[PDB]
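> Before I ask anything, here's the sequence and the deposited coordinates:
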Amino acid sequence: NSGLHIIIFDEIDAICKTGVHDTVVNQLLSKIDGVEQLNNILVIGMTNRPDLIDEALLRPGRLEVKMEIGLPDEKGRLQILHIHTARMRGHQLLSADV
Amino acid sequence: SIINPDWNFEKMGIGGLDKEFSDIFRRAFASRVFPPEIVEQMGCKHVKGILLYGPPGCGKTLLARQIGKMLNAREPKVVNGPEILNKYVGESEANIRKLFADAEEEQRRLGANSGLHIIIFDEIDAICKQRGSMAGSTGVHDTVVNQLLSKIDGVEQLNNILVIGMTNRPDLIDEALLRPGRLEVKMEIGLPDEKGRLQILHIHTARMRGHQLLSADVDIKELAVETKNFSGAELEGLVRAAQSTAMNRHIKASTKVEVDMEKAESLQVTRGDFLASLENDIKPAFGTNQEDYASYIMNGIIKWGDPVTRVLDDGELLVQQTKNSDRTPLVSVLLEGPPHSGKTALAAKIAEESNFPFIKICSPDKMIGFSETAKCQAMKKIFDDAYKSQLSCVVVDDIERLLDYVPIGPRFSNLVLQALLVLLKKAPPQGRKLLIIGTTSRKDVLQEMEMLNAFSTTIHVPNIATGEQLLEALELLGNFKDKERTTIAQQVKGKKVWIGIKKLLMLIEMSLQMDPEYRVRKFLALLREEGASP
Ligand SMILES: Nc1ncnc2c1ncn2[C@@H]1O[C@H](COP(=O)(O)OP(=O)(O)OP(=O)(O)O)[C@@H](O)[C@H]1O
Ligand SMILES: Nc1ncnc2c1ncn2[C@@H]1O[C@H](COP(=O)(O)OP(=O)(O)O)[C@@H](O)[C@H]1O
Ligand SMILES: [Mg+2]
C-alpha cells in the first residue's frame, strides 16, 4: 500500500537508436519489465520523433497507450488569448477598444 | 540421466504442442539420454543446433526455453536479430563475436566436463546475403554470416554449445547455414486446431477459477469452436479484454446504482462480456475480417430480375467443387461486364456466402502512390498468408488498375503482369485448397495479353436491358411515390434502356433535389440524355 510516483521524461527518441543506445534502453527496460517488480511507476514521457523510438518500448506492458497534441485550435487560441488578456485586465490597464 | 525416457510437456506452459515435443526429442536429442558409457564407447558427436519456423506469435520461444531448461542447462542468453547491425565498418561482427566468450573460457579451463549454453537467436534471417536477390539494394555486407559460421565450426572446436534459431520466412535463409555439422534439423509450428484452442483457454483461465471469480454461466467448449484460426497470443488478449470489460462494467453499474455491498464485492464477469469483447474488441490476423464488407456492400443487393440468381448459383457450384474434391485443389473464375454494373458487390457476396475460415480482399485502394515492386511484394505476401489455412478465398478487386493500363500507348507494368500470371498457376502445399475470384471491365485486353488462358471459367454480369426490369428495380428500391411511377411506366415502355445500377442510384438521388413538380421531368430528361445503346 503506497502512493504513485510520477517520473516525467523528455526526448526519449534521442537515446533510442554507438553501442550505448542498446545498453541504455535495456537498462531502462529492466525495471518496468518485472524483474524489479515495481508496482508504483507512472512514466509519462515526451518525444517528437515517433519513428526513432524502439517499438519494444511500446510492446504490450511497456508504453501501451499513446496520444499527440495538435494545433492550438481556433477556439482554443481564443481561450488562451482570453486568459492572458484577463490576467492583463486584472488591473484594467488594457484599453476597452481592444 | 537428463530426463525420463517419456519426457513431459503439459500443464506447466506449452499448450496445444505435444506431438512436436516427442518428434523433436526422438529425432535429434537422443544422444543425451542414453547411458554415458555407451555414448563414449561408440564415439559419436552431438547435434549443434535446430531451426523452428512458422507463423508469428504461435508459441515458439516458450518451446525453446522449455527445451533449454529440461536439459539441465545454464540460463539462456537471448538476443534479437536486427539489433546486431551497425553502420561502422567491422562492428556488426564484433557483436557476433561477443556471445561465445564465456563458453570459450569455460571450455578453456575445464575441458570435456562443461555444461551446456543455449544462445537462442531471433529473426535469424536479418543477417543473410540472400535478401538482396529480391528487387532492391540491401546487401547486408555478406561478412556477418561468415563470422558466425567460422565460430560454430572452425579450426578451433567447441563441444559445449547448442544454437537454436527462429524465423518467420523460411525462404530467405542462406544455404550455407543448413549443411551437416551446422543447424541441421528443421521443424514447423503450425496454427492450433480445436484441441489446442481448448487446452490454451483452460490454461490461461485457471487463476480466476481458483477463487470462483468466474461465473458458472461461461463455458469453454463454445468459445473453443467459435475462435477459428486464432493464434495463442490472440486468445490471451481475448481473455485480458474480457477481464477489463467486465471490470469496467461492474464499476460503472455499481457506481450508478447504489447496490448493496453483496453484489458490490462480487465481480462476476458472466458470458456477455466474453461475447461482447470477442465480437467488438479482438480482430484476428489469419481469419475473416467482418468489418470491410460493409464498405463494399453499401446498399444491400436487390433482385431486379433473373441474372442475379444465375450468377449466385454458379458461384455456389464453384465453391462446392473446390471444397470437397481432390485431383484439383486450385480453382479460378473471372467476372466481367460493362462499367458501373456492380461487379465488386457480387464478388463480395459470393465470397461471404462460402463460410470459409480465411477470406481476404486485395484491392488497389490501399496502394496509392506505390512503386510497382511494392505492389508485387504486397500481392506475394497476401498469397503467402493465404497458403497457411486449410481453406481460403482471395479476391482481386480490379485487374485493369493493378497493371496501370492506359489506352494511349498502350502502356503498363510488366512485372505485376508476370507475377500474377505465375501466381495464378501455383498449387498450395499438399492437402490444402484455395479459390480465386477476379474482376474487370475490359475483357478484350486481358484476352489479348494471353491472360484469359490461365483462368478456368468466366461469368457475365449483364446490364439492365428492358423497361420492365427498370420498373421492377425502381419498385423494389421504393421511390417516386407510385403515382409518378405510372407516368414513368408509360414513358419507358420503349424498352430501349441501357443503364447501370450504380448510375441509376446516382440519377435517382440527383433528381430528388427539386420540388415535387419538376422532379419527374428532370429524371426523364436525365435518363434520355444518358440513353446510349450497345
Ligand atoms: N443487384 C445488385 N448488384 C450489384 N450492386 C448492387 C445491386 N443492388 C444494389 N447494388 C449496389 O450497387 C453498388 C455496386 O457498385 P460497384 O461498386 O460494385 O460498381 P462497379 O461496376 O464494380 O464499379 P467500377 O467499374 O467503377 O469499379 C453498391 O452500392 C451495391 O450496394
Ligand atoms: N501453445 C501456447 N500455449 C499457451 N500460451 C501460448 C502458446 N503459444 C503462445 N502463447 C502465448 O504467446 C506468448 C509468446 O509468444 P511467442 O511464441 O514468443 O511469439 P514469437 O513466436 O513471435 O516469439 C506468450 O505470452 C504465451 O502466453
Ligand atoms: Mg469495379
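Nice, thanks for sending it over. Residues are numbered from 1 along each chain as shown, chains lettered A, B, ... in the order given. Ligands and ions are numbered 1, 2, ... in the order given.

> Just give the number of residues close to residue A:16.
When neighbours are counted by other Cβ atoms under 10 Å in any protein chain shown, residue A:16 registers 18. Just so you know, the C-beta spots here come from the backbone N, C-alpha and C atoms, and that holds for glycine as well.

> Same check on residue A:12?
With other Cβ under 10 Å as criterion, residue A:12 counts 20.

> For it, give me phi and psi.
phi -70, psi -30 (degrees, to the nearest 10).

> Go ahead and confirm it touches residue A:53.
Yes - if you go by Cβ atoms under 8 Å, residue A:12 and residue A:53 touch, sitting 5.9 Å apart.

> so what sits against both of the two?
residue A:47 (Cβ atoms under 8 Å, 6 or more residues apart in numbering or on different chains).

> chain center to stretch A:31-45, what's the gap?
16 Å (Cα atoms, centre = their mean, to the nearest Å).

> meant to ask about stretch A:56-68, not that
Taking the mean of its C-alpha atoms, stretch A:56-68 sits 12 Å from the chain's own mean (Cα atoms, centre = their mean).

> For it, list the C-alpha coordinates in CSV.
Presented in CSV, the C-alpha positions along stretch A:56-68 are these (Å, rounded to 0.1, in the frame of the first residue of the first chain):
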residue,chain,number,x,y,z
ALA,A,56,9.8,-2.6,-27.8
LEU,A,57,9.3,0.5,-25.6
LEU,A,58,5.6,0.3,-26.7
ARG,A,59,5.4,-3.5,-26.5
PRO,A,60,2.3,-4.6,-24.5
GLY,A,61,3.1,-3.7,-20.9
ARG,A,62,5.8,-1.2,-21.8
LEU,A,63,4.0,2.0,-23.0
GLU,A,64,0.7,0.6,-24.4
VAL,A,65,-1.3,3.8,-24.9
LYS,A,66,-0.2,7.0,-26.7
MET,A,67,-1.5,10.4,-27.6
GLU,A,68,-0.5,13.5,-29.5
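
> Could you pull out the buried residues of that stretch?
Neighbour-count burial for stretch A:56-68, counted by 16 or more other Cβ atoms under 10 Å in any protein chain shown, picks out A:57, A:63.

> got it, and stretch A:17-26?
Buried, per 16+ other Cβ under 10 Å, within stretch A:17-26: A:22, A:25.

> What of stretch A:28-42?
Applying a neighbour-count criterion of 16+ other Cβ under 10 Å, the buried positions in stretch A:28-42 are residue A:28.

> hmm, it touching chain B?
No - Stretch A:28-42 lies apart from chain B when judged by Cβ under 8 Å from any Cβ of the partner chain; the minimum separation is 12.3 Å.

> what's the span of that stretch from first residue to last?
14 Å (Cα to Cα, to the nearest Å).

> can you list the residues of chain A near chain B?
Residues of chain A lying near chain B (Cβ under 8 Å from any Cβ): A:18-19, A:22.

> Scan chain A for its longest helix.
What stands out as the longest helix in chain A, according to DSSP state H, is helix A:74-89.

> Other residues contacting that helix?
Residues from elsewhere that reach helix A:74-89 (Cβ under 8 Å, 6+ apart): A:72, A:94, A:98.

> Tell me the one among those nearest to chain B.
When these are compared for distance to chain B (Cβ to the nearest Cβ), residue A:72 wins out at 30.8 Å.

> So that closest one, which state does it fall into?
coil (DSSP: H, G, I helix; E, B strand; the rest coil).

> neighbours around it, how many?
For residue A:72, the neighbour count with other Cβ under 10 Å is 12.

> which residues touch it?
For residue A:72, the contacting residues are residue A:80, by Cβ under 8 Å, 6+ apart.

> one step back: quick one: which of the contacts of helix A:74-89 is nearest to ligand 1?
residue A:72 (41.0 Å; Cβ to the nearest ligand atom).

> what's the residue of chain A found nearest ligand 1 sitting at in phi/psi?
The nearest approach of chain A to ligand 1 comes at residue A:70, 34.4 Å away (Cβ to the nearest ligand atom). Backbone torsions for residue A:70, taken as degrees, to the nearest 10, come to phi -100, psi -150.

> now the longest helix of chain A, how far from the chain's geometric center?
A distance of 24 Å separates the centroid of the chain from that of helix A:74-89, by Cα atoms, centre = their mean.

> how about the CA coordinates for that helix, as PDB?
Extracted C-alpha coordinates of helix A:74-89, given in PDB (Å, rounded to 0.1, in the frame of the first residue of the first chain):
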ATOM      1  CA  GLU A  74      -9.000  28.400 -33.200                       C
ATOM      2  CA  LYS A  75     -11.400  28.300 -30.200                       C
ATOM      3  CA  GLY A  76      -8.500  27.200 -28.000                       C
ATOM      4  CA  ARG A  77      -6.400  30.100 -29.300                       C
ATOM      5  CA  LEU A  78      -9.300  32.400 -28.400                       C
ATOM      6  CA  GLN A  79      -9.500  30.900 -24.900                       C
ATOM      7  CA  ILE A  80      -5.800  31.200 -24.200                       C
ATOM      8  CA  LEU A  81      -5.800  34.800 -25.500                       C
ATOM      9  CA  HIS A  82      -8.700  35.400 -23.200                       C
ATOM     10  CA  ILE A  83      -6.900  34.000 -20.200                       C
ATOM     11  CA  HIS A  84      -3.800  36.100 -20.900                       C
ATOM     12  CA  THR A  85      -5.800  39.300 -21.500                       C
ATOM     13  CA  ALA A  86      -7.800  38.700 -18.300                       C
ATOM     14  CA  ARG A  87      -4.600  38.500 -16.400                       C
ATOM     15  CA  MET A  88      -3.800  41.800 -18.000                       C
ATOM     16  CA  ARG A  89      -7.200  43.300 -17.200                       C
END
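
> ok, which stretches of chain A are strands?
A:6-10, A:42-46 (DSSP state E).

> What residue in chain A comes nearest to ligand 2?
Closest point on chain A to ligand 2, by Cβ to the nearest ligand atom, is residue A:60, at 9.2 Å.

> Grab the nearest non-local neighbour of residue A:38.
Nearest residue to residue A:38, sequence neighbours excluded (Cβ to Cβ, 6 or more residues apart in numbering or on different chains): residue A:31, at 5.7 Å.

> The one you found touches residue A:39, doesn't it?
No - counting by Cβ under 8 Å, residue A:31 stays clear of residue A:39, with 11.2 Å between them.

> Report the closest residue of chain A relative to chain B.
As assessed by Cβ to the nearest Cβ, chain B sits closest to residue A:18 within chain A, at 5.6 Å.

> Quick one: residues contacting that residue.
B:86-88, B:91.

> so which pair among those residues is furthest apart in space?
B:87 and B:91 (8.1 Å; Cβ to Cβ).

> Can you give me the neighbour number for residue A:53?
Residue A:53, neighbours per other Cβ under 10 Å, totals 19.
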